[PDB]
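Undergrad: Residue numbers (the authors' numbering), protein chains in the order written: chain A, 679 to 720, 727 to 755; chain D, 117 to 462, 480 to 509, 518 to 611, 617 to 720, 727 to 755. Note that beta-carbon positions come from the ideal geometry of N, C-alpha and C, so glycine has one too.
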């Protein structure tokens with residue numbers, strides 16, 4: 679019964695158990711060696733690219749930050 | 117000067133009253149001395165110098181409620197200066213987006229009326245966006261769609277522009293891009309499941325193929341030499357494949373385009389003829405051979421259940437492959453018996486048996502070796526048959542020498558040879574599903590338990606063997627004896643004596659009780675509960691995994707046949729195609745039958 683119950687939940691408990699070691703290893707680093715931070719400035729904020737694709741709603745795009753698409 | 121950047125800024129927000137003054141100011145600059153010429157100065161000023169982006173592309177990228185008046189004014193200004201041929205057909209130049217024109221942007225920005233006004237003004241509908249973005253390498257760098265405007269309007273669910281493009285008589289539907297793909301390969305390549313897109317791609321395939329009206333698009337090979345049918349089989353797309361394999365076009369004047377043919381129907385009873393032209397093993401690279409031998413695709417067992425494939429496998433299982441499978445089983449069984457008796461009992482009458490052992494081992498090691506070296518989970522039994530054949534000839538080569546290590550090869554070839562007889566548990570459904578249950582349990586649960594049990598056993602073995610001081619007064623004298631005595635204790639053999647030669651008996655007893663709790667109570671009884679989950683999961687799937695495992699032996703036995711003896715092919719000619733009868737009955741819809749191929753129903 680408990681193996682049936684935990685099996686739809688345990689994949690997230692493992693990720694929660696791993697993120698603690700992620701953050702403790704982040705804390706172990708010195709004042710330097712944190713050249714491992716994320717993407718640059720773009727009125728300028730550190731950002732993060734996430735690409736995505738969806739054939740669902742098909743609205744025309746008027747709220748873009750860049751005209752030419754590719755990197 | 118600052119004129120070109122001002123018009124580029126004006127066409128972005130929708131500054132139309134600024135635009136009508138900037139254009140007339142630009143043609144006041146036309147009255148100034150050019151020293152190049154009249155029109156190419158307007159091309160130098162109206163387009164950017166970096167990448168080739170015109171003001172028309174700059175306006176169409178930035179859709180606002182004043183867009184159509186802006187592009188109308190721009191096209192009228194280009195019309196009144198005779199530059200419209202090289203304005204509306206301008207392209208990019210940079211290597212990422214090379215080939216993109218303004219119609220390609222207007223189609224993607226969902227502007228149907230602006231695209232109609234573009235092609236009504238003399239746009240190029242055969243443009244090719246052959247850049248690196250439009251022909252990417254992975255799924256997130258760009259968007260492969262077929263690099264034509266027609267394929268872009270098709271793969272973005274815009275059927276009105278597709279109708280308007282196909283009604284244009286300058287449109288080239290049979291075009292081929294840099295991959296060699298026509299539009300139908302591109303529609304296959306874009307297509308996905310129903311949970312991602314609600315099957316517009318099947319309807320676009322239907323509309324484009326019906327508006328074509330001929331067989332040229334379906335029978336065109338790309339640069340890998342694949343039709344759209346073979347490409348849909350290769351990439352594993354069952355939703356478009358189920359449409360293409362069973363395609364009934366009801367009306368006349370285009371009915372050679374069909375693959376199914378309802379030839380007679382009486383009441384609810386009806387027989388149908390499925391076409392088998394590129395779907396049968398008689399050709400080189402067929403649909404069935406692609407979908408059976410596919411390795412990169414996960415849902416093969418949802419594609420073999422399709423309508424002209426499932427009966428096609430059953431027919432050649434019943435015709436020749438059942439007897440061939442039974443014959444191979446009897447040969448391998450007699451080979452294993454003759455190996456077993458020879459190994460167990462070690480003259481003139483019983484020397485032919487060793488010959489039959491040797492020549493069959495050489496034949497199996499040849500055949501399985503040239504089976505492994507042309508394939509580059519689904520190939521385990523080839524390896525095990527090959528090792529079982531290699532060990533016999535290795536034992537023969539060591540028996541012709543004076544080495545006594547031939548028996549270690551013979552015993553290993555005999556035990557592995559009898560374990561290999563579970564390959565023939567396919568052929569029966571009830572035992573084949575049991576065998577694939579055995580395989581899934583070995584993969585998912587057993588060795589995962591074995592790792593933790595091994596680290597517990599070897600971690601408690603040194604711990605128990607360390608606190609032993611020394617007549618053989620204790621069984622736990624060393625590491626090897628301690629792990630042997632701990633291994634005998636978890637399968638329930640022997641006796642448990644705790645009067646060992648230890649200095650700390652309470653710590654010895656505590657470690658032994660901790661081992662009993664950790665293995666006998668926790669681990670072995672959690673193995674049962676964990677395998678119950680995978681047995682529950684595989685049981686609604688294993689009946690298809692067995693069919694997929696059987697169809698490989700079907701096709702390999704098909705390959706084993708000579709150039710003759712393939713009188714086992716399917717039904718005759720009916727302008728004549730090899731067909732396949734499938735009878736069916738349904739009391740569901742009750743429509744009157746006007747699309748039959750034969751008046752008199754029965755055979």
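Just to check my reading of the structure: residue 167 of chain D and residue 209 of chain D have Cβ atoms closer than 8 Å, yes? What is that Cβ distance to the nearest angstrom?
TA: About 6 Å separates the two Cβ atoms, so the contact holds.
Undergrad: Suppose you measure from the CA of residue 629 of chain D to the CA of residue 599 of chain D; what does that come to, to the nearest Å?
TA: In a straight line, the C-alpha of residue 629 of chain D is about 7 Å away from that of residue 599 of chain D.
Undergrad: Run through DSSP, which three-state label would residue 202 of chain D get?
TA: The answer is helix: DSSP assigns residue 202 of chain D an H, G or I state.
Undergrad: Are at least three pairs of beta-carbons, each pair with one atom in the region 319–326 of chain D and one in the region 287–301 of chain D, less than 8 Å apart?
TA: Taking 8 Å as the limit for Cβ pairs, the verdict is that the region 287–301 of chain D does touch the region 319–326 of chain D.
Undergrad: How many angstroms separate the CA atom of residue 320 of chain D from the CA atom of residue 429 of chain D?
TA: About 31 Å.
Undergrad: Which two residues bound the contiguous alpha helix (DSSP H) that contains residue 533 of chain D?
TA: Element bounds for residue 533 of chain D: 521–540.
Undergrad: So does the region 654–668 of chain D actually touch the region 685–696 of chain D, counting three or more Cβ pairs closer than 8 Å?
TA: The region 654–668 of chain D is not in contact with the region 685–696 of chain D.
Undergrad: Could you check which residue in D:229, D:151, D:381 and D:342 has the C-alpha nearest to that of residue 744 of chain D?
TA: Closest by alpha carbon: D:381.
Undergrad: DSSP three-state call for residue 337 of chain D: helix, strand or coil?
TA: Residue state, collapsed to three classes: coil.
Undergrad: Counting Cβ pairs closer than 8 Å, one from the region 274–287 of chain D and one from the region 226–241 of chain D, do we hit at least three?
TA: Contact between the region 274–287 of chain D and the region 226–241 of chain D is present, because at least three Cβ pairs lie under 8 Å.
Undergrad: Could you tell me which chain A residues have their CB closer than 8 Å to the CB of residue 313 of chain D, listed as they occur along the chain?
TA: What residue 313 of chain D touches in chain A: 739 and 740.
Undergrad: Does DSSP classify residue 493 of chain D as helix, strand or coil?
TA: Residue 493 of chain D falls in the helix class under three-state DSSP.
Undergrad: Just the Cα atoms here: how many angstroms apart are residue 596 of chain D and residue 588 of chain D?
TA: Rounded to the nearest angstrom, the two C-alpha atoms are 12 Å apart.
Undergrad: With residue 381 of chain D as the anchor, note down where its beta strand (DSSP E) starts and where it stops.
TA: Taken as a continuous stretch (DSSP letters only), the beta strand (DSSP E) holding residue 381 of chain D covers 376–382.
Undergrad: Three-state secondary structure (DSSP) at residue 781 of chain D?
TA: Lying before the first or after the last residue shown, residue 781 of chain D is absent from chain D, which here runs from 117 to 755.
Undergrad: For a test of the three-state rule: what should DSSP assign to residue 365 of chain D, helix, strand or coil?
TA: The answer is coil: DSSP assigns residue 365 of chain D none of H, G, I, E or B.
Undergrad: Can you tell which of A:709, A:740, A:749 and A:696 has the C-alpha that lies nearest to the C-alpha of residue 727 of chain A?
TA: The candidate whose alpha carbon is nearest that of residue 727 of chain A is A:749.
Undergrad: Does residue 699 of chain A get closer than 8 Å to chain D when you measure Cβ to Cβ?
TA: No, its Cβ sits nowhere closer than 8 Å to a Cβ of chain D.
Undergrad: For the pair the region 428–444 of chain D and the region 692–710 of chain D, tell me if three or more CB-CB distances fall below 8 Å.
TA: Output reads yes: the region 692–710 of chain D touches the region 428–444 of chain D.
Undergrad: Please state the DSSP three-state secondary structure of residue 454 of chain D.
TA: Residue state, collapsed to three classes: helix.
Undergrad: Would residue 273 of chain D pass as an interface residue toward chain A - the criterion being a Cβ-Cβ separation below 8 Å?
TA: Yes - at least one Cβ of chain A is within 8 Å of the one on residue 273 of chain D.
Undergrad: So residue 736 of chain D is in the beta strand (DSSP E); what residue range does that whole segment cover?
TA: Where residue 736 of chain D is concerned, the enclosing beta strand (DSSP E) stretches over 733–737.
Undergrad: Looking at residue 452 of chain D: is its Cβ nearer than 8 Å to the Cβ of residue 558 of chain D?
TA: Going by C-beta atoms, residue 452 of chain D is nearer than 8 Å to residue 558 of chain D.
Undergrad: Taking CB distances under 8 Å as the criterion, tell me whether residue 219 of chain D reaches chain A.
TA: No, because no Cβ of chain A sits closer than 8 Å to the Cβ of residue 219 of chain D.
Undergrad: CA-CA distance, residue 488 of chain D and residue 446 of chain D?
TA: Rounded to whole angstroms, residue 488 of chain D to residue 446 of chain D spans 17 Å at the Cα level.
Undergrad: Using the Cα positions of residue 569 of chain D and residue 683 of chain D, report the straight-line distance between them to the nearest angstrom.
TA: Their backbone Cα atoms lie some 21 Å apart in a straight line.
Undergrad: Check whether the region 705–713 of chain D and the region 374–391 of chain D are in contact - that is, three or more C-beta pairs closer than 8 Å.
TA: Because the criterion of three Cβ pairs below 8 Å is not met, the region 705–713 of chain D and the region 374–391 of chain D do not touch.
Undergrad: Quick check: what's the CA-CA separation for residue 407 of chain D versus residue 730 of chain D?
TA: Taking the straight line from one Cα to the other gives about 20 Å.
Undergrad: Could you name the residues of the same chain whose beta carbon sits closer than 7 Å to that of residue 736 of chain D, not counting the 5 residues immediately before and after it, in chain order?
TA: If we look at residue 736 of chain D and ignore the five residues flanking it on each side, its Cβ neighbours are 386 and 388.
Undergrad: If you draw a straight line from the alpha carbon of residue 317 of chain D to that of residue 740 of chain D, how long is it in whole angstroms?
TA: So the alpha carbons of these two residues sit roughly 28 Å apart.
Undergrad: If we count the other Cβ atoms within 10 Å of its Cβ and call it buried at 16 or more, is residue 265 of chain D buried or exposed?
TA: So residue 265 of chain D counts as buried.
Undergrad: According to the neighbour-count rule (16 or more other Cβ atoms, all chains shown, within 10 Å of its Cβ), is residue 572 of chain D buried or exposed?
TA: Exposed, since its Cβ has fewer than 16 Cβ neighbours within 10 Å.
Undergrad: Using a Cβ-Cβ cutoff of less than 8 Å, which residues in the same chain neighbour residue 124 of chain D once the five nearest sequence positions on both sides are dropped?
TA: Closer than 8 Å at the Cβ level, and outside the excluded window around residue 124 of chain D, lie 164, 171 and 174.
Undergrad: How about residue 201 of chain D and residue 245 of chain D: are their beta carbons less than 8 Å apart?
TA: Not in contact: residue 201 of chain D and residue 245 of chain D (Cβ atoms no closer than 8 Å).
Undergrad: Here's the rule I'm using: 16 or more other beta-carbon atoms within 10 Å means buried, otherwise exposed. How should residue 375 of chain D be labelled?
TA: Label assigned to residue 375 of chain D: buried.
Undergrad: What whole-angstrom Cβ distance do residue 345 of chain D and residue 415 of chain D have, given they're in contact under 8 Å?
TA: Not quite, the Cβ-Cβ distance comes to about 17 Å (not below 8 Å), so this is no contact.
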